Structure formats: structure tokens, C-alpha cells
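Scroll down for the structure; my scribbles are underneath it.
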2 protein chains.
Amino acid sequence: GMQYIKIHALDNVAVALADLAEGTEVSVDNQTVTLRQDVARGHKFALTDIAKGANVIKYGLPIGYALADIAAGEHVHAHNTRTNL
Amino acid sequence: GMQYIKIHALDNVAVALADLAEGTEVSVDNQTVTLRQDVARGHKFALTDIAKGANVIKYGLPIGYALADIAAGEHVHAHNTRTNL
């Protein structure tokens with residue numbers, strides 16, 4: 001099966017579908033993303049840089065914002081984002 | 001776009017993509033259901049009954065479990081499920 005799902009075309013995060021190790025390369029939307037941390041199954045990782053204060057877009061919706069600068073390929077979770085739904 | 005997304009074929013929840021009113025009839029992945037509470041954009045609702053203790057399945061993964069019996073078309077959130085990812 002797929003290692004990740006990118007739920008919606010506008011999303012700047014994808015969800016890991018397996019426990020993915022730091023340094024793993026993923027092919028998403030005709031580009032490559034390299035994980036910068038371990039990302040547990042079900043957790044988000046960044047498809048692009050998400051600057052501090054910038055929206056996390058998931059399901060095509062702004063679901064929250066970054067609490068600090070997040071780099072493409074980093075683990076996105078409670079530590080570095082706030083969810084606003 | 002749609003008013004909801006069922007992300008994976010195994011999921012027993014869908015994600016509202018707009019603020020859906022109590023009463024709305026939903027059709028997805030050949031499945032129908034009628035909403036029993038308002039469901040805010042970005043929030044989950046049950047596609048089928050989910051018994052107390054039973055997994056919430058989202059992204060094709062077990063992401064958590066029900067704290068109480070959940071009826072098809074109910075709002076699924078912190079009040080009636082726990083997330084274990």
C-alpha cells in the first residue's frame with residue numbers, strides 16, 4: 001500500500017499510513033519529500049515549508065497554523081502546530 | 001468540491017468540508033447517512049454505528065476508539081471518542 005495520503009490538492013501536509021523513518025523519501029504530486037524526523041502512522045508531515053503563523057491546510061481546509069517555522073518533510077503535530085477546527 | 005470526504009474505503013467516519021446542519025442527507029462511496037447534530041467544517045461524523053470501545057477508522061487506520069455507543073450520523077469528536085495515534 002501507499003506510504004502516505006495527500007487528502008486534497010491544496011493540502012500542505014500528508015498523513016503517514018505506516019511508521020515512516022527519518023530520511024525516507026516520498027514521491028508526492030510529481031515531487032520528492034524527504035522526512036526530517038520519524039513520522040508515526042496517522043501523523044502529519046509537511047509537504048512544503050510552513051512559516052510560523054501560516055496555515056496548515058488539510059482536507060483542503062485551513063485547520064490551524066504553525067507555532068514555529070516548519071520545514072518541508074518535518075513532523076507536524078501538537079508540538080509545532082495549533083489546530084483551530 | 002464536495003460537502004464531505006470519506007478518505008479511505010475502510011473508514012467509519014467522514015470529514016465535513018463545510019458547516020453541515022443537523023438533518024443533512026449525505027451520500028458517499030455508495031453509502032448514505034442522515035446527520036444528527038450540526039457538524040462544523042473539518043470535523044468528523046459517523047458513517048455507521050460505532051459501538052463503545054470500537055475503533056474509529058480513518059485514513060484506513062485505527063486512530064482511536066468510541067467512549068460510548070455512537071449512532072450513524074452523529075458528530076464524532078473529543079466528547080465521544082479518544083484518539084490514540
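So you can find residues: chains in the C-alpha cells are A, B, ... in the order shown, residues in each start at 1, and ligands are numbered from 1 in order.
Every residue of chain A that lies within 9 Å of chain B is listed here, counting only C-alpha atoms: residues 5, 7, 15, 17, 40, 41, 42, 43, 58, 59, 60, 61, 62, 63 and 85 of chain A.
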**OP:** Mind running a least-squares superposition of chain A onto chain B over all the C-alpha atoms, in order, and reading off the RMSD?
**Re:**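 The superposed chains show a C-alpha RMSD of 0.5 Å.
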**OP:** Could you give me the residues within chain B that DSSP places in strand (DSSP E), as a VMD selection string?
**Re:** chain B and resid 4 to 5 13 to 16 25 to 28 31 to 34 44 to 46 55 to 58 61 to 66 75 to 76 81 to 83
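Taking atom CA of residue 53 of chain A as the reference point, atom CA of residue 68 of chain A is found at 7.1 Å.
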Original post:
Suppose you want the space between atom CA of residue 33 of chain A and atom CA of residue 14 of chain A; what is it in Å?
Top reply: 10.4 Å
**OP:** Find the residues around residue 65 of chain A up to 10 Å (only C-alpha atoms counted), leave out those fewer than 3 positions away in its own chain, and share them as a PyMOL selection string.
**Re:** chain A and resi 50-57+62+68+80-84
**OP:** Work out how far atom CA of residue 44 of chain B is from atom CA of residue 30 of chain B, in Å to one decimal.
**Re:**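 Computed distance, atom CA of residue 30 of chain B to atom CA of residue 44 of chain B, equals 18.3 Å.
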**OP:** Might you pull out every residue within 10 Å of residue 47 of chain A, with only C-alpha atoms counted and same-chain residues fewer than 5 positions away left off, and present them as a ChimeraX atom specification?
**Re:** /A:6,11-14,26,28-29,31-35,71-74
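Distance annotation: of A:48, A:70, A:75, A:2, the residue with the minimal separation from residue 21 of chain A is A:75; atom set is only C-alpha atoms.
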